[PDB]
Amino acid sequence: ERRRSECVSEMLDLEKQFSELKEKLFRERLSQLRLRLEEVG
Amino acid sequence: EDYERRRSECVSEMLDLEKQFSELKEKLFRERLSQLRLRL
Amino acid sequence: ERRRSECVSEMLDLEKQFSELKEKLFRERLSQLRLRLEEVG
Amino acid sequence: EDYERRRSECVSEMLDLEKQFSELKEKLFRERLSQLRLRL
Amino acid sequence: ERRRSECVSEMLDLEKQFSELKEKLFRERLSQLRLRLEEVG
Amino acid sequence: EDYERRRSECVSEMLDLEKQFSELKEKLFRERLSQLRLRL
Ligand SMILES: [Cl-]
Ligand SMILES: [Cl-]
Ligand SMILES: [Cl-]
């Protein structure tokens, strides 16, 4: 179980970072699209 | 622009669902981590 | 390879659950949207 | 409502693609697990 | 750290393949939709 | 067909974001792998 818990801990720690990265990436694309929408009018 | 608008709606929808999924994945990871550490 | 197979087994077991969670989450949002669509008419 | 309709189409499209991806990820996990267990 | 690095190496190797699979899956669906769009006209 | 068009825009948007995410995930994996191998 120790090999298993160290693996799961590591992946939780990475997934926490991947989640933040994905949300920030989507938010930037959403902001870019909303700005472009405005610029066209 | 309908074009920019439709694309923004798609991205907003997926952004909101991703935020919720992330929570759920993190919940499941921590739950399993606890279970392994407590031999449950 | 044993440390590796225990890591992969653990992650397959989690990913099986994450997949179900993601599909159920998308399905609920799809049902909510279809109901709202109907309610507006 | 075009608004609710467009959003529902986006979510349905992504739901269907996610269901397929999940299958493929599970396939690859099991394949690698087998290979490691059989030293292949 | 060795149990941890072997776990992370394994998962990086899988995620590299999952990424390719996801992009190819999305591309095929995009091509199918664009063809259908054309066929309707 | 507006129908096929809207769906194609949603998929194209998500395809482009997925390609970028994959890069970022791979970057983070390699960075952590290096750090663990170098005890950093
Ligand atoms: Cl809403
Ligand atoms: Cl279809
Ligand atoms: Cl663009």
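Chains as they are written, first to last, in PDB author numbering: chain A, 54 to 94; chain B, 51 to 90; chain A', 54 to 94; chain B', 51 to 90; chain A'', 54 to 94; chain B'', 51 to 90. A prime marks a further copy of an entry chain. Ideal placement from N, C-alpha and C gives every residue a C-beta, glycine not left out.
Backbone secondary structure at residue i - three-state DSSP
i, result
"A':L83", "helix"
"residue 104 of chain B'", "Residue 104 of chain B' lies beyond the range of chain B' shown here (51 to 90); nothing can be said about it."
"A'':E54", "coil"
Residue i versus residue j - alpha carbon distance
i, j, result
"A:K69", "B:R80", "11 Å"
"A'':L78", "B':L67", "8 Å"
"B':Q85", "A:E54", "21 Å"
"B:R57", "B'':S72", "21 Å"
"A':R87", "B'':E51", "21 Å"
"B:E59", "A':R82", "14 Å"
"A'':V61", "B':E63", "32 Å"
"A:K75", "A:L90", "22 Å"
"A:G94", "A'':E92", "32 Å"
"B:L65", "A'':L65", "24 Å"
Proximal residues of chain A', C-beta to C-beta of residue i below 7 Å
i, result
"A:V61", "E63"
Neighbour list for residue i in chain A, Cβ cutoff strictly below 7 Å
i, result
"A'':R80", "Those do not exist, as A'':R80 stays about 18 Å from chain A at its closest Cβ, beyond 7 Å."
Within chain B'', partners of residue i - CB distance below 9 Å
i, result
"residue 128 of chain A", "Look at the range of chain A in this structure, 54 to 94, and you will see that residue 128 of chain A is not part of it."
Chain-ordered neighbours of residue i on chain A, where CB pairs are closer than 9 Å
i, result
"B:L83", "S58, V61, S62 and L65"
Interface residues of chain A'' facing residue i [CB-CB closer than 7 Å]
i, result
"B'':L90", "Simply none; closest approach about 10 Å."
Residue i Cβ short of 6 Å to ligand 5 heavy atom set
i, result
"B:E81", "Ligands in the displayed structure: ligand 1, ligand 2 and ligand 3; ligand 5 is not one of them."
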